[PDB]
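Next up: a single chain in structure tokens, the form deposited in one PDB entry.
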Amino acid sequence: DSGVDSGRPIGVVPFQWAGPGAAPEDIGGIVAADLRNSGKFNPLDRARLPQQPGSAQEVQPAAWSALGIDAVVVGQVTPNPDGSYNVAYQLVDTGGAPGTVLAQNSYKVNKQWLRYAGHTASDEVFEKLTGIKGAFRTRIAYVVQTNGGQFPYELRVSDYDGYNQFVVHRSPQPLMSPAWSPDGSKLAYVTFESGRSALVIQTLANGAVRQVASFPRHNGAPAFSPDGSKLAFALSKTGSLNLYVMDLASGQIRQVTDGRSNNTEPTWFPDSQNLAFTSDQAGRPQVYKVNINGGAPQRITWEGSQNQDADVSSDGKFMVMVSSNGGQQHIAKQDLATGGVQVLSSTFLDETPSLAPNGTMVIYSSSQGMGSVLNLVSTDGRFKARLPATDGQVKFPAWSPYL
């Protein structure tokens, strides 16, 4: 819903490093990358910075408004004797009230939390300048297939931008489609470890695992309801996949769809009652919507030869999905009210899109020979980037809720 050329230009100056040598991290670089990733901003190339002020007072507004820049982010990174660091940023106005500090904060963090300090600065500048909750301190879950033979599959979690990865679960068999609990503490996912498909929910903090379902099938594509009370997923035995809803408090499972049609990849609407999902009911896959509390499925995608793997935004205003047309398979966004569709990505064979909690960015995977990598694309379509390559093929990314 930004629908413009580039984003709002903004000056993000490298942070001053008072400590000896060089800085342990490029905080300004992180803030710029974050802001840019959202498609909401176009940080000025470090090449064209008119100056590199190290403090708000050193900022000369005229130099920035001149280049069409409303605000400038300046900052300082200072080493503490205990080995930790002080990361401070000041958001300085270079427009209506030149030189005034719109926002500033300072954080004391260990080397390991320096990127977090950067993402915090980004979140603050972001919420202050867009009114939209920042998602820069969010994480993503995904599955990497390494080249190791014993446990090729690793369900991992990392910062949304690919850094600070950690393994949640390693498996000798395929792992797929993790899904975050709304409170960000658990991941549901499908594992073939038992030899056949199973749906589990693992608590990230202690690794605890809850068995949910095992009926005969393949990928269950789980999805937690926004309110935390249910988990929707697909089971395929009768010869076709159908939707089931898991009541998390009681464990009672109820079938939400029936028929010879393959109904899968459920995703929740904000009300925790309606699901959007993929069905082959009309031939090539299309996206349908159904209220778990009663009613028959309602096809909702009409544009495109095929649409699947939907992800409804947190505000229910739109959804992203994999849309195939003219031999191109990309992530597309569909307005849930007016039905307009906008193709976001342009990479090769885009799959499983997952919306950032503020709905400003989508993480998805694309094809690379026999493998695949993760990508980010802002929901306004302005920014596209590969996430940092890792030691394996990556699939099924899932963006965490706000943390």
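So that there is no doubt, residue numbering starts at 1 and follows the sequence shown. By rigid core we mean the largest C-alpha set that fits within 1.5 Å across both forms.
Although not depicted, the form deposited with a partner chain bound is the subject of the following passage.
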Q | Heavy atom within 4.5 Å of its partner chain in the deposited complex - residue from 125, 275, 241, 231 | A | 241
Q) From the list 85, 153, 288, 318, which entry has a heavy atom within 4.5 Å of its partner chain in the deposited complex? A) 153
Q) Pick from 116-124, 100-108, 129-137, 172-180: which stretch has non-hydrogen atoms within 4.5 Å of its partner chain in the deposited complex? A) 172-180
Q) Is it true that 190, 280 and 396 each have at least one non-hydrogen atom within 4.5 Å of its partner chain in the deposited complex? A) yes
Q) Might residue 311 be said to contact its partner chain in the deposited complex, defining contact as any heavy atom within 4.5 Å? A) no
Q.
Please tell me whether any heavy atom belonging to residue 73 falls inside 4.5 Å of a heavy atom of its partner chain, as the geometry stands in the deposited complex.
A. no
Q | in the deposited complex, residue 143 touching its partner chain (heavy atom, 4.5 Å) | A | yes
Q) At the 4.5 Å heavy atom threshold, is residue 262 in contact with its partner chain in the deposited complex? A) yes
Q.
Looking between the shown form and the other one after fitting on the rigid core, I'd like to know which of 283, 295, 216, 251 has a C-alpha displacement of 2 Å or more.
A. 216
(Q) Core superposed first: is there a CA shift of 2 Å or greater at residue 314 between the shown form and the other one? (A) no
(Q) Aligning on the core only, does the CA of residue 327 end up 2 angstroms or more away between the shown form and the other one? (A) yes
Q: With a shift of at least 3 angstroms, figure out whether the C-alpha spacing between residue 382 and residue 369 grows or shrinks in the deposited complex: closer or farther?
A: closer
Q | Cα separation of residue 219 and residue 250 in the deposited complex versus here, shift of 3 Å or more | A | closer
